[PDB]
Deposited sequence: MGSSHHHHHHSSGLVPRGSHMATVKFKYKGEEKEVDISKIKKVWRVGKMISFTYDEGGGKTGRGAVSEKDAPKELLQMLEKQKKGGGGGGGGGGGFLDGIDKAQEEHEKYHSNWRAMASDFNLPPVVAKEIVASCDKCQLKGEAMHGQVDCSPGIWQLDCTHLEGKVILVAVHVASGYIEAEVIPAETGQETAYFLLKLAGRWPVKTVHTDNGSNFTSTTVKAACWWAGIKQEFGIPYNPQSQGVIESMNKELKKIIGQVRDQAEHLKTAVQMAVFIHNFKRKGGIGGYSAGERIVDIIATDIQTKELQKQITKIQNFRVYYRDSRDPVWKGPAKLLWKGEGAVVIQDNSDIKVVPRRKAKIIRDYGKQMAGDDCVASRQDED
């Protein structure tokens, strides 16, 4: 055992065995051989086999510059709906990006913009435009395009539709706007069987309607709840469960361990 630990460490410093090889060759349990691997700095060469999950609030858009035919297309997507806007811009600068973003913020309720760390988006010009329109900038982790995985995917889809309509237009900007039309209104699927334009109208109208409905519900209902503790705030009650909020933590209790006032 312990002699095996010494000999296994001294051979891991040569061969960098995995835990299975040192567990077989030196009679070690998997815990000890795993600890011999996990202490080598040279053996930590793989990360977690997961993916994250982007923010899909109703106010966050994702922006990216893509390139086609030697020209620059600045594309924005509404992350909750898939509604895109796109424009062929003459240059990939901060002035064109701030103009596109101020125009988009004038068109739709933009609350958050998520971009990569391109100079276009990182500039003081786009920073002043987002300060004027009241937009929050959320830059992704550098050299990690998966953080912008919606807009990058939409870049793919946009280019696909341009390849289907490129012979219908003489200029690239006409084909880009035709593809924006086709994506927003002539492609259906997703969560409601909607197109992206119908879906963004449903997302935003639902946000307005549910916000005002919850403002009307919260104004009437005032029931102090004592669960299991202290006085909470009642959020919801239905016939077997009660959802409350004590000290900014939204919890669900049964009708056992609850009493409302």
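(message) Need the unmodelled segments of the deposited chain, numbered from 1, in order.
(response) Those parts of the chain that were deposited but carry no coordinates are 1-95, 324-330, 364-383.
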